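Given as structure tokens, the chain that follows is alone and in the form deposited in one PDB entry.
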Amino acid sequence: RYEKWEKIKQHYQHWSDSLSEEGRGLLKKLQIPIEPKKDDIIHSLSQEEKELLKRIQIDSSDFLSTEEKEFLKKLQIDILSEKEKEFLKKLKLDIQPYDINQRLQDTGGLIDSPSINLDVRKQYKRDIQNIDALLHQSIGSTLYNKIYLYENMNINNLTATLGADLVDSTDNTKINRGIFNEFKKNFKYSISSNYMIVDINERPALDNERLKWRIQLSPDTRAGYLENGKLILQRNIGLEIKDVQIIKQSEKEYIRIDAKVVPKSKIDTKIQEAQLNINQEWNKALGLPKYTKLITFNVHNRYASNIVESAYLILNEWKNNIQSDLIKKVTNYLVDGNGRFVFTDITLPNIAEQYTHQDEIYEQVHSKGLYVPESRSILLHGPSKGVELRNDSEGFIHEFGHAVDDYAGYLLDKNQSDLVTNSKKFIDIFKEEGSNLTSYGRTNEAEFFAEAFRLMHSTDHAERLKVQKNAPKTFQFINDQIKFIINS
């Protein structure tokens, strides 16, 4: 336990001793993000703004992250709501901690992405570059194969959908074995785009970490010793999943993920190869040009290979549950406008198909999926879970729902290009039936249309018919639009 710790510490002793006080300080900033002083913020608001705060329906919002909704309610006592909505969007940017590792993960390493304030984006960049320069020493071709490094990870870091049910509610010290097989089904490779911080000695799991990574470095892998038995690894490395098993540790159940370090490029190629292949296959199915670029894989993080394989099922479910003609027509419209199906594990404000059309950061959105009319693209973010969605496949259909809206209004006026949900016919339909479907459907016309579209294509046919009953005017309006599109 302490031998191999001592052997690593020595190997890195010259390196450690050589650390500037400024560099030693940087590695601390990295491990411990600089949270916002709760006081430092409230002393920025105006007297008018203070009012709107202490009395807004906070703990139950649309965009309010759990870490955000808590940190925020932590301030309402230092003293929905639609004009508090545009207020919140702005306030959400001024309270994010300064968390380098998070910045790398959100952006997939594309730190230049215009998704935060320029001067803060530059700070991150200065720090990330400094750390790269700090981490110059390989593990060396002697230690790499005689030691194991360990990481404990929360399952929700990799897929929030499948992590909600990875533990039996039956028995919470055992793992549901079905969800295991499809977690491990297509888990072949991984990508760290930030700095992995790993233990020299396997550490006992804490509250919600049921994944116990056991990792084997390569001779070239660059790393640095951190006090108390840890290593910090250079970012941008690839991991080949070598064995995913269920092990037992002190009469609870865990997942052993065995991984080897390999060049990020080896995986990037694999992803590139896959992205080619899936366009090949779906260009044929849609009768689009052999070489058309419709599907994009934007993949940079730890459940890499699954994002890829997931996209195949999502696209299969799309073809199974939606008339062939509706699909072919609408996709041809998206490609007519250089559109994209984008499957990704970086957050959505860091997807170019979104950020180049929304300059203001306070109006950039992250969530399970998105449609961007200005770039005619569907963005689907693998790792998270949308509220009220069974699987990632359903969320897609919701977004295609948005593109169906798009084509329908283009076809009303090729000149006055607009959304059908902005035609007064559907606007009126919404004020009646707008509250009869999903709770989220009540948000606005467009979303109501999308959710209705979604439900109207469930594999659960009870749900399909519940739309005809509770919102028959919405139902007919949609199927109309469909019939409309199929006729060129």
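From 1 onward, residues are counted along the sequence shown. Whichever C-alpha set is largest while still superposing within 1.5 Å between the two forms counts as the rigid core.
According to the PDB entry, the deposited sequence runs on from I247 to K248 with no residue lacking coordinates between them. Comparing 469-477 with 6-14, the stretch with the higher mean C-alpha B-factor in the PDB entry is 469-477. Judged by mean Cα B factor in the deposited record, 166-174 ranks above the other of 166-174 and 398-406. When the C-alpha B-factors of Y291, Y303, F297, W213 are read from the PDB record, the largest value belongs to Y291. When all modelled residues of the chain are sorted by CA temperature factor, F187 is found within the middle third. For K146, the recorded CA B-factor ranks within the middle third of the chain. Only modelled residues enter the ranking. Sort the modelled residues of the chain by CA B factor and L72 lands in the highest third.
Placement of the Cα temperature factor of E82 within the chain: highest third of the modelled residues, per the deposited record. Split the chain's modelled residues into thirds by C-alpha temperature factor. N208 is in the highest one.
Omitted here: the form deposited in another entry. The next part is about that form.
The only C-alpha among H357, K73, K266, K260 that moves by 2 Å or more between the shown form and the other one, given a superposition on the rigid core, is that of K73.
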